[PDB]
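Student: Please find one structure pasted underneath; my questions will follow.
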2 protein chains.
Amino acid sequence: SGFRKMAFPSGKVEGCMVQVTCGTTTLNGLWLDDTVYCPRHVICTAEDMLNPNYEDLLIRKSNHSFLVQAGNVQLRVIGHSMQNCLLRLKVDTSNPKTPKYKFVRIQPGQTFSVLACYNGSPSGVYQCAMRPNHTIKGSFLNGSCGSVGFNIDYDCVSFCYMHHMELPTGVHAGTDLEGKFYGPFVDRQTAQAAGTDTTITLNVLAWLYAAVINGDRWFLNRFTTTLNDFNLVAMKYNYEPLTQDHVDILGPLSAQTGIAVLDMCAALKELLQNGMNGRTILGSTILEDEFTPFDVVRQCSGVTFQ
Amino acid sequence: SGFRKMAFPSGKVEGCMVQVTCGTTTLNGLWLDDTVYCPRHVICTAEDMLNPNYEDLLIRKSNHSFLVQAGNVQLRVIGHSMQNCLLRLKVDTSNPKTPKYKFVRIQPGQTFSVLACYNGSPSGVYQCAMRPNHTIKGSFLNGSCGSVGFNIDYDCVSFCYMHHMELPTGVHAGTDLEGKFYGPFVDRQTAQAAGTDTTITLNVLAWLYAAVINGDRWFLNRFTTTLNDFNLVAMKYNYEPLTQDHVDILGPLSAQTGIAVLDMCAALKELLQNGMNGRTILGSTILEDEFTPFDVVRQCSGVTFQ
Ligand SMILES: *[C@H](O)[C@H](Cc1ccccc1)NC(=O)[C@H](Cc1ccccc1)NC(=O)/C=C/c1ccccc1
Ligand SMILES: *[C@H](O)[C@H](Cc1ccccc1)NC(=O)[C@H](Cc1ccccc1)NC(=O)/C=C/c1ccccc1
């Protein structure tokens with residue numbers, strides 16, 4: 001029993017982390033086979049950031065402009081390209097520790113583990129959700145750029161995030177492993193800000209199912225709601241509209257607990273309207289929205305505590 | 001910026017995890033050099049648990065009663081001993097992946113990362129604190145016994161916990177890597193329950209310092225308190241008594257923020273008495289107590305956002 005924000009074991013990823021220095025800038029890179037991935041902003045100076053032309057900055061660089069360190073060993077760069085907001089540095093060695101991997105672009109609402117790293121050495125791991133406004137609530141200091149987000153299936157690592165910057169609200173922005181930013185953000189010093197965020201409705205509902213699987217039913221009620229009547233309440237509390245697709249995804253949890261989704265929706269409507277009254281749900285006083293339906297199934301028992 | 005419950009990278013530990021089967025019971029073990037550590041209750045049947053004599057159960061076993069699997073490979077047992085509530089199984093191979101390690105008994109209030117594992121394969125990692133009542137609020141299902149808790153310093157793994165059982169309240173109990181239980185608990189089916197718990201005062205205070213380093217001062221006040229006047233309030237809200245040792249440990253955070261500890265104590269007294277008033281502290285509506293002073297220093301900036 002119990003319910004914790006749980007990250008994937010980080011070992012397959014720790015063996016891919018390297019250090020990347022270009023001039024006086026140090027950050028992290030990801031070394032798979034014979035390539036090292038890293039934020040392109042590694043090439044920039046301070047003043048460069050107000051106005052960088054990356055094509056123009058990169059043409060002025062040779063292979064040997066880049067020092068890549070894997071643990072104590074230096075890896076020699078023998079090739080480079082730019083792909084969107086990333087550099088792809090080809091090196092003399094294939095990583096002996098490259099795992100089975102894939103690159104994926106994850107969707108808002110989905111979660112991933114972040115391996116926070118400094119100077120190519122992993123310091124910590126935690127679980128994040130991609131917010132609706134395309135930021136993550138990470139924990140990052142200067143030096144963390146190039147740290148990566150991931151999910152693991154069987155023994156394949158699905159890389160989904162590389163960290164590039166902190167916004168003024170203290171939340172974090174970056175790209176997929178194709179160098180394409182999540183969100184409207186750009187790797188230049190401008191007045192960009194996180195857009196207004198929304199609560200992830202699907203995740204909240206999943207988490208109420210988790211609470212029921214774990215043995216708590218207090219928050220249920222006799223009522224039901226239509227999809228449409230729920231959403232009018234949802235909009236008022238700054239929750240995402242629930243869609244039929246979302247209802248269908250919640251099928252298996254629904255089945256395991258014998259609580260119809262629209263009945264769970266009615267319970268939620270009542271929680272939003274009345275509060276929790278000094279009560280907790282899985283040890284929380286607020287409604288949690290960083291656990292997907294997938295996460296609940298991975299973690300919780302296949303057998304409900306009726 | 002930001003503040004997350006952060007676990008240590010788990011790679012050095014993932015390479016130590018094995019599977020241990022004795023009859024129809026499967027669990028996890030820890031393989032360092034030429035030894036595999038695991039809960040002694042692996043030898044028990046269902047009925048055994050009402051009344052086990054472990055010395056008597058173990059004498060009836062040969063080396064080859066035990067199957068240990070490391071990934072796909074079987075490791076042959078060539079020796080065994082019992083140490084307190086653990087078995088120590090000597091095997092034919094030294095683990096090529098044994099890291100620099102130590103065994104430590106941690107103290108209530110301190111935190112550690114848990115690598116949750118099933119059938120010798122790591123499934124997730126999260127951060128736990130040892131509660132004052134000597135349990136952890138873990139997330140564990142059947143098959144997780146033998147999963148281990150740890151801290152990492154430099155490249156040394158300090159192993160501190162092995163999981164043995166779930167109590168009726170859904171919290172988790174186990175031992176150090178000497179097989180000695182944390183808490184008054186025993187590996188037999190009796191009516192044992194978690195004792196009443198306490199809020200970890202030292203950690204709460206550390207976490208208020210974290211909030212200040214990160215840029216939030218709302219909860220501070222003009223007041224000060226004596227150690228003694230604080231504790232009378234503490235006892236009333238079921239918080240641990242603050243001691244001078246605790247005051248001294250909070251020195252560096254105090255210095256970095258320029259808030260005297262007893263001034264922080266006064267702020268806390270005021271939070272306990274008045275509540276937070278629908279406000280949050282580092283994204284939390286409740287006062288968090290699972291981050292030590294050490295954890296705050298590891299994670300937070302060395303420079304305050306004044
Ligand atoms: C990379 O290592 C570093 C990561 C970082 C820095 C500070 C806090 C948390 C993480 N980030 C950067 O080098 C980027 C550079 C950049 C600048 C503009 C656009 C794209 C990239 N710099 C930052 O992320 C700093 C932003 C910031 C810091 C403090 C307060 C407000 C904003
Ligand atoms: C080990 O793999 C397994 C871990 C577990 C089991 C259920 C839920 C979470 C974790 N635990 C056990 O085999 C122990 C055996 C044991 C029994 C008595 C004393 C010492 C050890 N069994 C449990 O932990 C189950 C306790 C329990 C389960 C459900 C509801 C209440 C109590």
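Going through the structure tokens in order, the chains are called A, B, and so on, while each chain numbers its residues from 1 and the ligands are numbered from 1 in the order shown.
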With 7 Å as the limit and counting only C-alpha atoms, what residues in chain B lie close to chain A? Please list them as JSON, numbers by chain.

Tutor: {"B": [1, 2, 3, 4, 5, 6, 7, 8, 9, 10, 11, 14, 122, 123, 124, 125, 126, 137, 138, 139, 140, 141, 170, 301]}

Student: Kindly save the residues from that selection, with N, CA, C and O atoms included, as a compact mmCIF listing (two decimals), in the first residue's frame.

Tutor:
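Resulting contents of again13.txt:
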```txt
# COMPACT_ATOMS: atom_id res chain seq x y z
N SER B 1 15.95 27.31 -9.67
CA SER B 1 14.93 27.44 -8.59
C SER B 1 14.01 26.21 -8.56
O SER B 1 14.22 25.28 -9.29
N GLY B 2 13.00 26.21 -7.69
CA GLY B 2 12.05 25.07 -7.47
C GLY B 2 12.46 24.18 -6.30
O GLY B 2 13.56 24.25 -5.81
N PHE B 3 11.58 23.31 -5.83
CA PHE B 3 11.92 22.42 -4.73
C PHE B 3 11.10 21.16 -4.84
O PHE B 3 9.83 21.19 -4.80
N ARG B 4 11.81 20.04 -5.02
CA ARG B 4 11.17 18.76 -5.28
C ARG B 4 11.71 17.73 -4.33
O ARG B 4 12.85 17.82 -3.93
N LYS B 5 10.87 16.78 -3.92
CA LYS B 5 11.35 15.57 -3.22
C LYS B 5 12.28 14.82 -4.17
O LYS B 5 11.86 14.29 -5.19
N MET B 6 13.57 14.83 -3.89
CA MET B 6 14.55 14.35 -4.85
C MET B 6 15.25 13.11 -4.25
O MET B 6 15.77 13.16 -3.10
N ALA B 7 15.32 12.04 -5.05
CA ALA B 7 16.04 10.82 -4.73
C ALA B 7 17.44 10.87 -5.30
O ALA B 7 17.66 11.57 -6.29
N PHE B 8 18.37 10.11 -4.70
CA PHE B 8 19.68 9.88 -5.35
C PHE B 8 19.56 9.06 -6.63
O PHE B 8 18.71 8.21 -6.73
N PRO B 9 20.43 9.30 -7.62
CA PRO B 9 20.46 8.46 -8.80
C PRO B 9 20.69 7.00 -8.36
O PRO B 9 21.47 6.74 -7.42
N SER B 10 19.97 6.07 -8.96
CA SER B 10 19.85 4.73 -8.39
C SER B 10 20.77 3.66 -9.03
O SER B 10 20.81 2.52 -8.55
N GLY B 11 21.53 4.05 -10.05
CA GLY B 11 22.35 3.14 -10.87
C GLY B 11 23.28 2.18 -10.14
O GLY B 11 23.36 1.02 -10.47
N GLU B 14 20.89 -0.34 -8.51
CA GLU B 14 20.28 -1.24 -9.48
C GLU B 14 21.19 -2.40 -9.85
O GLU B 14 20.71 -3.49 -10.08
N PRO B 122 14.47 -3.62 -10.46
CA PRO B 122 14.07 -2.32 -9.95
C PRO B 122 12.89 -1.74 -10.72
O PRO B 122 12.93 -1.74 -11.93
N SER B 123 11.83 -1.32 -10.04
CA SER B 123 10.70 -0.70 -10.71
C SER B 123 10.59 0.81 -10.48
O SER B 123 10.04 1.47 -11.34
N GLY B 124 11.06 1.34 -9.34
CA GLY B 124 10.89 2.82 -9.09
C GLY B 124 11.73 3.35 -7.95
O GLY B 124 12.20 2.59 -7.12
N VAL B 125 11.92 4.66 -7.88
CA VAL B 125 12.73 5.19 -6.83
C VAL B 125 12.07 6.47 -6.28
O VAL B 125 11.53 7.29 -7.03
N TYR B 126 12.10 6.59 -4.96
CA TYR B 126 11.49 7.74 -4.29
C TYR B 126 12.20 7.99 -2.98
O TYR B 126 12.93 7.13 -2.49
N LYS B 137 6.72 5.95 5.28
CA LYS B 137 5.55 6.04 4.43
C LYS B 137 6.03 5.71 3.03
O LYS B 137 6.35 6.60 2.23
N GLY B 138 6.13 4.41 2.77
CA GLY B 138 6.64 3.95 1.49
C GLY B 138 5.48 3.69 0.58
O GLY B 138 4.29 3.98 0.91
N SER B 139 5.82 3.17 -0.59
CA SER B 139 4.84 2.63 -1.53
C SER B 139 5.39 1.28 -1.96
O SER B 139 6.39 1.23 -2.67
N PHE B 140 4.77 0.22 -1.47
CA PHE B 140 5.24 -1.16 -1.60
C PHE B 140 4.04 -2.10 -1.81
O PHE B 140 2.96 -1.96 -1.17
N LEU B 141 4.23 -3.09 -2.67
CA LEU B 141 3.23 -4.13 -2.82
C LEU B 141 3.90 -5.45 -2.46
O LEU B 141 5.08 -5.48 -2.20
N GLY B 170 -0.83 0.73 6.90
CA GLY B 170 -0.29 0.95 5.56
C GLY B 170 1.08 1.61 5.51
O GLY B 170 1.52 2.00 4.46
N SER B 301 19.94 26.73 -3.77
CA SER B 301 21.04 27.55 -4.19
C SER B 301 21.90 27.91 -2.99
O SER B 301 21.38 28.07 -1.87
```

Student: Looking only at strand (DSSP E or B) from DSSP on the backbone, list the matching residues of range 67-103 of chain A as a ChimeraX atom specification.

Tutor: /A:67-70,73-75,77-83,86-91,101-103

Student: May I have the residues within 8 Å of range 103-107 of chain A as a ChimeraX atom specification, using only C-alpha atoms and disregarding those fewer than 4 positions away in the same chain?

Tutor: /A:130,158-161,176-178

Student: Output N, CA and C atoms for every residue in the selection just made, as an mmCIF file, in the first residue's frame.

Tutor:
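Generated output (part_25.cif):
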```cif
data_model
loop_
_atom_site.group_PDB
_atom_site.id
_atom_site.type_symbol
_atom_site.label_atom_id
_atom_site.label_comp_id
_atom_site.auth_asym_id
_atom_site.auth_seq_id
_atom_site.Cartn_x
_atom_site.Cartn_y
_atom_site.Cartn_z
ATOM 1 N N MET A 130 4.705 17.299 -17.614
ATOM 2 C CA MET A 130 4.492 18.366 -18.600
ATOM 3 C C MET A 130 3.205 19.120 -18.285
ATOM 4 N N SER A 158 12.718 5.819 -23.206
ATOM 5 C CA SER A 158 12.135 6.844 -24.066
ATOM 6 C C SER A 158 12.522 8.225 -23.541
ATOM 7 N N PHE A 159 13.563 8.811 -24.141
ATOM 8 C CA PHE A 159 13.966 10.200 -23.873
ATOM 9 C C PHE A 159 12.958 11.208 -24.377
ATOM 10 N N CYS A 160 12.546 12.164 -23.536
ATOM 11 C CA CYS A 160 11.503 13.071 -23.969
ATOM 12 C C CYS A 160 11.760 14.532 -23.737
ATOM 13 N N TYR A 161 12.773 14.856 -22.936
ATOM 14 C CA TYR A 161 13.002 16.229 -22.519
ATOM 15 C C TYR A 161 14.497 16.480 -22.379
ATOM 16 N N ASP A 176 12.286 18.482 -26.834
ATOM 17 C CA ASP A 176 12.447 17.036 -27.063
ATOM 18 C C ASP A 176 13.875 16.731 -27.559
ATOM 19 N N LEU A 177 14.147 15.476 -27.881
ATOM 20 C CA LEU A 177 15.486 15.139 -28.251
ATOM 21 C C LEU A 177 15.668 15.368 -29.756
ATOM 22 N N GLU A 178 14.735 16.099 -30.349
ATOM 23 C CA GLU A 178 14.900 16.617 -31.732
ATOM 24 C C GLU A 178 15.235 18.093 -31.735
#
```

Student: Which residues are close to residue 222 in chain B, i.e. within 10 Å by only C-alpha atoms, leaving aside same-chain residues fewer than 3 positions away? Reply as a count of residues only.

Tutor: 3

Student: Excluding residue 145 in chain A and any residue of its chain fewer than 5 positions from it, enumerate the residues within 10 Å of it, using only C-alpha atoms, and give them as a short mmCIF file (atom, residue, chain, number, x, y, z; two decimals) with C-alpha atoms, in the first residue's frame.

Tutor:
```
data_model
loop_
_atom_site.label_atom_id
_atom_site.label_comp_id
_atom_site.auth_asym_id
_atom_site.auth_seq_id
_atom_site.Cartn_x
_atom_site.Cartn_y
_atom_site.Cartn_z
CA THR A 26 29.82 24.15 -19.09
CA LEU A 27 26.66 22.02 -19.31
CA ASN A 28 25.48 18.44 -19.70
CA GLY A 29 25.13 16.25 -22.80
CA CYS A 38 23.27 19.16 -25.90
CA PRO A 39 21.62 22.55 -25.87
CA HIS A 41 23.05 27.70 -26.34
CA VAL A 42 26.30 26.17 -25.08
CA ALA A 116 19.16 16.48 -12.62
CA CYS A 117 22.87 16.67 -13.48
CA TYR A 118 25.81 19.11 -13.04
CA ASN A 119 29.20 18.93 -14.86
CA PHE A 140 17.22 23.13 -11.34
CA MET A 162 16.24 18.18 -22.45
CA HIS A 163 16.41 21.22 -20.13
CA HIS A 164 17.29 24.62 -21.58
CA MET A 165 16.10 27.41 -19.29
CA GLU A 166 14.25 28.78 -16.28
CA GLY A 174 13.21 22.84 -22.75
#
```

Student: If we count only C-alpha atoms, what is near residue 35 in chain B at a cut-off of 7 Å, once residues fewer than 5 positions away on the same chain are taken out, given as a list in words?

Tutor: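 Once the nearby chain positions are removed, what remains is residues 88, 89, 90 and 91 of chain B.
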
Student: Which polymer residues have any atom within 10 Å of an atom of residue 196 in chain A, counting only C-alpha atoms, with same-chain residues fewer than 6 positions away left out, as a ChimeraX atom specification?

Tutor: /A:132-133,238

Student: So which residues of range 106-292 of chain A fall under alpha helix (DSSP H) by DSSP, listed as a PyMOL selection string?

Tutor: chain A and resi 201-214+227-236+244-249+251-257+261-274

Student: Just checking: using only C-alpha atoms and all ligand atoms, which residue out of B:62, B:215, B:245, B:260 ends up closest to ligand 1?

Tutor: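 The answer is B:215, which sits nearest to ligand 1.
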
Student: Here is a test: counting only C-alpha atoms and all ligand atoms, which residue of B:84, B:274, B:147, B:189 is nearest to ligand 2?

Tutor: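 Result for the nearest residue to ligand 2: B:189.
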
Student: Report, in Å with one decimal, the straight-line distance from CA of residue 250 in chain B to CA of residue 279 in chain B.

Tutor: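 Separation between CA of residue 250 in chain B and CA of residue 279 in chain B: 24.7 Å.
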
Student: Can you work out which one of A:306, A:34, A:54, A:290 has the shortest atom-to-atom distance to residue 76 in chain A, counting only C-alpha atoms?

Tutor: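 Comparing A:306, A:34, A:54, A:290 against residue 76 in chain A, the winner is A:34.
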